[PDB]
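Enquirer: Pasting a structure below so you can have a look.
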Amino acid sequence: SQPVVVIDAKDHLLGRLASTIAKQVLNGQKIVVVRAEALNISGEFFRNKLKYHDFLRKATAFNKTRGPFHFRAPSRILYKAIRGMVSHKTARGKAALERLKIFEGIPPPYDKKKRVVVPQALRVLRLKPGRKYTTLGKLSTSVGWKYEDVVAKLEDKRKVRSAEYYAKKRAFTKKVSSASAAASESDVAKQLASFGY
Amino acid sequence: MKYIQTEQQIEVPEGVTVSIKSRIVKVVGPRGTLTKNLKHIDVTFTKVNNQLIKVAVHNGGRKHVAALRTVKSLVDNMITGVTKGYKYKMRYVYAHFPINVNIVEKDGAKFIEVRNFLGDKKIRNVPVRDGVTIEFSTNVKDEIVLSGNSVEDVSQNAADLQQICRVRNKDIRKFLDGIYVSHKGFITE
Amino acid sequence: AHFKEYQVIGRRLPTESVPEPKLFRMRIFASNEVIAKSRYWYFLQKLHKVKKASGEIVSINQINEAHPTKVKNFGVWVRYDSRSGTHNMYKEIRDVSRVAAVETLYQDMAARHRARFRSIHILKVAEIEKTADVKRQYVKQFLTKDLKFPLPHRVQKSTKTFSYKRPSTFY
Amino acid sequence: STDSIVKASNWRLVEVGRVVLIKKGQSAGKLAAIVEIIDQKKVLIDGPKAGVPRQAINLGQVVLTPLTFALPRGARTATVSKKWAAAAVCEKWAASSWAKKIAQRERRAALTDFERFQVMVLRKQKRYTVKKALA
RNA sequence: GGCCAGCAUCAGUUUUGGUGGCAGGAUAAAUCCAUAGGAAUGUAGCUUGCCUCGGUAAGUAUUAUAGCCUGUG
RNA sequence: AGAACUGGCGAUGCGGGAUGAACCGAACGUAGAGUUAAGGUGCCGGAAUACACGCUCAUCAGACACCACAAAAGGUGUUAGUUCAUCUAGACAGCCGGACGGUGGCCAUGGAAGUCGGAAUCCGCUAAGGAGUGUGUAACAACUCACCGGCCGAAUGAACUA
RNA sequence: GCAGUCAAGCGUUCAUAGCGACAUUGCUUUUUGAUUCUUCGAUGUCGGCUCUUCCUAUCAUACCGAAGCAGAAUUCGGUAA
RNA sequence: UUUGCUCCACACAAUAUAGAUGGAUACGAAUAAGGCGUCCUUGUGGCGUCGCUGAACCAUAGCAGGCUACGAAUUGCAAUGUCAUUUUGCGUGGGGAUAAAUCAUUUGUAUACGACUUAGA
């Protein structure tokens, strides 16, 4: 409903995100997907690795600069999955895939802006407990990514800079609840409680 | 078939306190202290006494339950190693060429090097894990004793030894040389 | 399907040499009173020299369950045609109704042996009156004093597509 | 030794006598009580006090309510209505925040526009006092 | 006075809902009421090592200081 | 390659099988509303990330007949099942104890008490202990266990089916 | 052309270390054949030279396992092109 | 030759929109486990409590929103009924800064031509 949506992608499944994204973005919603190195995927690591090494195998023989561009970053693996789900070869798929902005980690603009979660793709809800799942950062790194040890050095600064905000806010609102709980014993609230507020 | 409840139980001799929170075991004792991670298993834990603990799995279905008793043994081995401790007595064997073993402080931690493994010149070194103390028998000067609390460290180090002191490109039915474990026990009994 | 249990009474057509031809009863499980008759003539034509055109259906009534709010442990003798040869089986089912047991038979047979409704004949269905002649663990485990088990990993279904807090599986 | 801090989880668990709340059916929302257990995935129930029949049902169609009352295995409707009324389960239930929020939703939804305007007026009084106080 | 839209009253085709009356079936089965027996995933009661009001132990006990099943009406 | 009956393509578009002369559905005047076929409803893709009982996790999974392939033989990987059975007069798993004597039962005699080895077969003790299952000293010993018991207090092996 | 399954036997004793008959299941299209759909208003037709790439059913090289492997030397097999 | 150029301040005009007309409202991590409040022998602590949907939370009255510390009809029974935000120009007036590249010539660490590399008041 909001003009722009910010999707935390931790504990998510890739192809079950992308079928929601690829429709919500084709229907006119701007989406950004953030913390994509924390994505999750079905299947064991060796298996989902071979399913990439049998992709790197596929390159145009007479000149491989014409052929399938095997991207190694999670932000681009997800974009691959979505580009497949979208008719990117038209001005509708094109127009949609410019409504999307995918990142690794959470940059500042989407740092101080609320994040959400797609429940019909959370590994927690969907997958059986006991199944093996593979993490996209480990995968990308094993197929030739480079910037894993950076994202962890930045997102941690994000986290310690955010935890202090949360503590500030909590140690502000614990008194708002007290001074509005100290004000709920009047007719103004005994009457609202009958209306359902 | 999917069962309903398969539960094992873990006795606890005194002096021990077993702290769990989010499937992270921590055990203490006279000998020392230890920890373990079991996030990769679905399993519960309850405290009916300070004298024992009850571990449980629910429907499972013949795969979770085989890890149930496994976990039970792992925790039990852990308690055993932080109450008594583990002792692995390896021994040397050879025909002509002795094996000259010693401990050495390299740039980092301790190592244990062996020379004259069948006349070889390759001084083959082995790291010592952190949880291990280490010595030589004295009643007979042709053994070695690894020791500690964690069996999965002690035994892994002993195997790390006897896997590198293994002859290659020769008849093993004849070249029964190297070092090998001989006794597994404790350092209290 | 939404099986209903029928009571089918049929009869060879009455000729002068025997105008009281002896009647034959079958207790059939079917989705309706059209295929009930079909299965009657199917199983009868397997035992007695009679067809539809050489017979008539006297009665098709329904048998509604008497104590459908009483949990029971049925035992089910059955034969089934595999891809290579027939076999007989015995399976025990815990349910309230003699026909719900059959619904959950055809399914756990179509899964465990990939047998269709056409490759299955229900020989005998009957309660085990006492909880000591059961022979199967997948029933006997629910026959325990003071049963109680949890549902560990709960999943709350979303109506909307976006949520603003991580969901929680606790029950 | 020192007391062993051991804690895993304290589930509400399907048992005989447990109370449940039905989410998806003809008798949606209406409370009931489990009687006995058919298998892992389904049970039977009887809520007589609220007008629920004696059903056999799965556990997706319901929710497990924490509260619980004592009864024997396989009990009947009269017996269940006996025990329900003894324990005063609807009183233990309406006390809770769960039913309070449920009723609150059901009441917010049933508001005329007049009520929805009265609310806007009234909240412009409470917040005035609260913003005066948090100063 | 002509074109374009809106509403109503109607007509044809069709879609989607709320509600009532009736008939049948084992003149539904059931639940419920009554009643005759039976047993345990054995309730009280009584034996039973100590003890939380017999909590445990396991014998007895067939509704009793819970209940259930079956049959008939 | 060649015949029989029918239906089709040819001469035929249309919705479906991604695509396809023949398959499934169905046969065409131009248009509008409604309903369906066959096929399908995660997204591309219009339509349930619907409900229900289960099976499967594959270091070449598998996924719309025609159709674009796959076998014999195997697997305690798992699920369900069939037929035997042993057995609370305590089997089977697991440790603890004994396993002795008549007697080296005769010969191969360079040496075999059981045993590098060939003919040959029974008593005493008992809970039970092979005139011998293994290790092997020129031979003797000493060990092993099938034969029995203590804990044990549960049930269990064997074959087969799909 | 290649491989597999039973395994009667060879194998000083020892089916299967290695091989392995009588039978039997398949794979391949680098053979030869059968067929005749395309091409007869033309697809330049043997071999070699040159040059690149691919396949594995690996001759060698790397790490391993198994032998009737003492060593040495050999054979069988595996991951691997 | 402040004809020129560059800003910001407002006055109009002009061109375009992959599409807002209340608010994109911020902890982290686990899920066979956690959030919040308190006490504290500050611990993987004791107690209580919440979830079981954001159906929330916040804002929300006034000429399409006014005068003073009253006016609002007659868009005549509906006909977006005009506000969003980039890019361009015109002039008005208050400032601010005063250049390089290419051709041609040339060198050869370069070169098929272009290109590259160098030098030149």
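Scheme for the structure tokens: letters A, B, ... for chains in order shown; per-chain residue numbers from 1; ligand numbers from 1 in order shown.
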Among the residues of stretch 36-139 of chain B, find those DSSP assigns to helix (DSSP H, G or I) from the backbone and print them as a list in words.

Expert: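 The helix (DSSP H, G or I) subset of stretch 36-139 of chain B is residues 64, 65, 66, 67, 68, 69, 70, 71, 72, 73, 74, 75, 76, 77, 78, 79, 80, 81, 82, 83, 117, 118 and 119 of chain B.
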
Enquirer: If we count only C-alpha atoms, which residues of chain A reach to within 12 Å of chain B? Please list them as a list in words.

Expert: residues 128, 129, 130, 131, 132 and 133 of chain A

Enquirer: With C-alpha atoms retained, export the selected residues as a CSV table (one decimal), in the first residue's frame.

Expert:
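To be explicit, this is the file written out as result27.csv:
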```csv
chain,number,residue,atom,x,y,z
A,128,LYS,CA,10.4,-28.6,7.2
A,129,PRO,CA,12.5,-28.4,10.4
A,130,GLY,CA,15.3,-30.9,9.7
A,131,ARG,CA,15.9,-30.0,6.1
A,132,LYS,CA,19.2,-28.5,4.9
A,133,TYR,CA,19.4,-25.0,3.6
```

Enquirer: Return as a VMD selection string the residues belonging to chain B that are within 12 Å of chain C, counting only C-alpha atoms.

Expert: chain B and resid 1 to 6 42 to 44 56 to 61

Enquirer: Could you produce a table of the residues of chain A lying within 9 Å of chain H, with the nearest pair of atoms per residue and their separation in Å rounded to one decimal, using only C-alpha atoms (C1' of nucleotides), ordered by chain and increasing residue number, as JSON lines?

Expert:
```
{"residue": "A:2", "atom": "CA", "partner": "H:24", "partner_atom": "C1'", "distance": 5.8}
{"residue": "A:3", "atom": "CA", "partner": "H:24", "partner_atom": "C1'", "distance": 6.2}
{"residue": "A:4", "atom": "CA", "partner": "H:24", "partner_atom": "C1'", "distance": 5.2}
{"residue": "A:5", "atom": "CA", "partner": "H:24", "partner_atom": "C1'", "distance": 6.2}
{"residue": "A:6", "atom": "CA", "partner": "H:24", "partner_atom": "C1'", "distance": 7.6}
{"residue": "A:28", "atom": "CA", "partner": "H:18", "partner_atom": "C1'", "distance": 7.9}
{"residue": "A:91", "atom": "CA", "partner": "H:18", "partner_atom": "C1'", "distance": 8.5}
{"residue": "A:92", "atom": "CA", "partner": "H:18", "partner_atom": "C1'", "distance": 7.5}
{"residue": "A:95", "atom": "CA", "partner": "H:18", "partner_atom": "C1'", "distance": 5.5}
{"residue": "A:96", "atom": "CA", "partner": "H:18", "partner_atom": "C1'", "distance": 7.4}
{"residue": "A:99", "atom": "CA", "partner": "H:18", "partner_atom": "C1'", "distance": 8.8}
{"residue": "A:110", "atom": "CA", "partner": "H:26", "partner_atom": "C1'", "distance": 8.4}
{"residue": "A:111", "atom": "CA", "partner": "H:26", "partner_atom": "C1'", "distance": 6.6}
{"residue": "A:112", "atom": "CA", "partner": "H:26", "partner_atom": "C1'", "distance": 4.6}
{"residue": "A:113", "atom": "CA", "partner": "H:26", "partner_atom": "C1'", "distance": 4.7}
{"residue": "A:114", "atom": "CA", "partner": "H:26", "partner_atom": "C1'", "distance": 4.4}
{"residue": "A:115", "atom": "CA", "partner": "H:26", "partner_atom": "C1'", "distance": 7.2}
{"residue": "A:124", "atom": "CA", "partner": "H:31", "partner_atom": "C1'", "distance": 7.0}
{"residue": "A:159", "atom": "CA", "partner": "H:28", "partner_atom": "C1'", "distance": 6.9}
{"residue": "A:160", "atom": "CA", "partner": "H:28", "partner_atom": "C1'", "distance": 8.8}
{"residue": "A:162", "atom": "CA", "partner": "H:27", "partner_atom": "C1'", "distance": 5.7}
{"residue": "A:163", "atom": "CA", "partner": "H:27", "partner_atom": "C1'", "distance": 4.8}
{"residue": "A:164", "atom": "CA", "partner": "H:27", "partner_atom": "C1'", "distance": 7.9}
{"residue": "A:165", "atom": "CA", "partner": "H:27", "partner_atom": "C1'", "distance": 7.3}
{"residue": "A:166", "atom": "CA", "partner": "H:27", "partner_atom": "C1'", "distance": 5.0}
{"residue": "A:167", "atom": "CA", "partner": "H:27", "partner_atom": "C1'", "distance": 7.8}
{"residue": "A:174", "atom": "CA", "partner": "H:37", "partner_atom": "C1'", "distance": 9.0}
```

Enquirer: Measuring between only C-alpha atoms (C1' of nucleotides), which one of D:70, D:89, D:130, D:111 shows the shortest distance to chain E?

Expert: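 Nearest to chain E: D:70.
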
Enquirer: Nearest to chain C among D:96, D:18, D:114, D:105, with distances taken over only C-alpha atoms: which residue is it?

Expert: D:18

Enquirer: Please check the contacts: residues of chain H at most 9 Å away from chain B, using only C-alpha atoms (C1' of nucleotides), listed as a PDB file with C-alpha atoms (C1' of nucleotides), in the first residue's frame.

Expert:
```
ATOM      1  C1'   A H  30      16.537 -17.444  17.546  1.00  0.00           C
ATOM      2  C1'   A H  32      12.398 -27.862  19.516  1.00  0.00           C
ATOM      3  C1'   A H  33      12.046 -20.429  20.916  1.00  0.00           C
ATOM      4  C1'   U H  44      22.774 -18.693  29.197  1.00  0.00           C
TER       5        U H  44
END
```

Enquirer: Got a sec: who's within 12 Å of residue D:51, counting only C-alpha atoms (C1' of nucleotides), leaving out chain neighbours fewer than 5 positions off, as a ChimeraX atom specification?

Expert: /D:26-32,46,77,81

Enquirer: Give me a file of those residues, with N, CA and C atoms, as a PDB file, in the first residue's frame.

Expert:
```pdb
ATOM      1  N   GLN D  26     -18.068 -23.691  10.148  1.00  0.00           N
ATOM      2  CA  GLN D  26     -19.406 -23.196  10.418  1.00  0.00           C
ATOM      3  C   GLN D  26     -19.532 -22.602  11.808  1.00  0.00           C
ATOM      4  N   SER D  27     -18.773 -23.111  12.766  1.00  0.00           N
ATOM      5  CA  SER D  27     -18.849 -22.697  14.152  1.00  0.00           C
ATOM      6  C   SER D  27     -17.598 -21.934  14.515  1.00  0.00           C
ATOM      7  N   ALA D  28     -17.196 -21.039  13.631  1.00  0.00           N
ATOM      8  CA  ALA D  28     -15.960 -20.308  13.793  1.00  0.00           C
ATOM      9  C   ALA D  28     -16.014 -19.373  14.983  1.00  0.00           C
ATOM     10  N   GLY D  29     -14.910 -19.342  15.718  1.00  0.00           N
ATOM     11  CA  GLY D  29     -14.778 -18.537  16.894  1.00  0.00           C
ATOM     12  C   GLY D  29     -15.275 -19.212  18.144  1.00  0.00           C
ATOM     13  N   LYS D  30     -16.231 -20.112  18.007  1.00  0.00           N
ATOM     14  CA  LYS D  30     -16.858 -20.704  19.161  1.00  0.00           C
ATOM     15  C   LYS D  30     -15.911 -21.693  19.810  1.00  0.00           C
ATOM     16  N   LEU D  31     -15.813 -21.588  21.123  1.00  0.00           N
ATOM     17  CA  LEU D  31     -14.944 -22.437  21.904  1.00  0.00           C
ATOM     18  C   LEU D  31     -15.391 -23.886  21.846  1.00  0.00           C
ATOM     19  N   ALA D  32     -14.483 -24.771  22.229  1.00  0.00           N
ATOM     20  CA  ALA D  32     -14.821 -26.173  22.378  1.00  0.00           C
ATOM     21  C   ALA D  32     -13.786 -26.851  23.244  1.00  0.00           C
ATOM     22  N   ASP D  46     -16.230 -31.405  21.631  1.00  0.00           N
ATOM     23  CA  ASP D  46     -17.615 -31.156  21.978  1.00  0.00           C
ATOM     24  C   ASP D  46     -17.720 -29.877  22.790  1.00  0.00           C
ATOM     25  N   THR D  77     -21.488 -35.361  25.886  1.00  0.00           N
ATOM     26  CA  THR D  77     -21.881 -33.965  25.859  1.00  0.00           C
ATOM     27  C   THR D  77     -22.360 -33.488  27.217  1.00  0.00           C
ATOM     28  N   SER D  81     -20.564 -30.607  29.432  1.00  0.00           N
ATOM     29  CA  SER D  81     -21.262 -29.402  29.842  1.00  0.00           C
ATOM     30  C   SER D  81     -21.262 -29.246  31.346  1.00  0.00           C
TER      31      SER D  81
END
```

Enquirer: Neighbouring residues of stretch 64-76 of chain G were defined as those with any atom within 8 Å, considering only C-alpha atoms (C1' of nucleotides); residues of the same chain fewer than 6 positions away were excluded. Please report them as number ranges by chain.

Expert: B: 170-171, 174; G: 17-18

Enquirer: Write out, as CSV, each residue of chain A that has an atom at most 6 Å from chain C, together with the closest pair of atoms and their distance in Å to one decimal, counting only C-alpha atoms, rows going by chain and rising number.

Expert:
```
residue,atom,partner,partner_atom,distance
A:116,CA,C:164,CA,4.6
A:117,CA,C:163,CA,5.1
A:118,CA,C:162,CA,5.0
A:125,CA,C:155,CA,5.6
```

Enquirer: Within 12 Å of chain D, which residues of chain A come that close, and what is the closest atom pair and distance in Å for each? Count only C-alpha atoms and give it as a tab-separated table.

Expert:
```
residue	atom	partner	partner_atom	distance
A:172	CA	D:134	CA	10.6
A:173	CA	D:134	CA	10.7
A:174	CA	D:134	CA	11.8
A:175	CA	D:134	CA	8.4
A:176	CA	D:134	CA	7.3
A:177	CA	D:130	CA	9.9
A:178	CA	D:134	CA	9.8
A:179	CA	D:130	CA	6.5
A:180	CA	D:130	CA	5.9
A:181	CA	D:130	CA	9.4
A:182	CA	D:130	CA	8.9
A:183	CA	D:130	CA	7.0
A:184	CA	D:126	CA	8.1
A:185	CA	D:126	CA	10.6
A:186	CA	D:126	CA	9.1
A:187	CA	D:122	CA	9.7
A:188	CA	D:122	CA	6.2
A:189	CA	D:126	CA	7.5
A:190	CA	D:122	CA	10.7
A:191	CA	D:122	CA	8.5
A:192	CA	D:119	CA	6.6
A:193	CA	D:104	CA	8.5
A:194	CA	D:107	CA	8.2
A:195	CA	D:108	CA	6.5
A:196	CA	D:104	CA	5.0
A:197	CA	D:104	CA	7.4
```
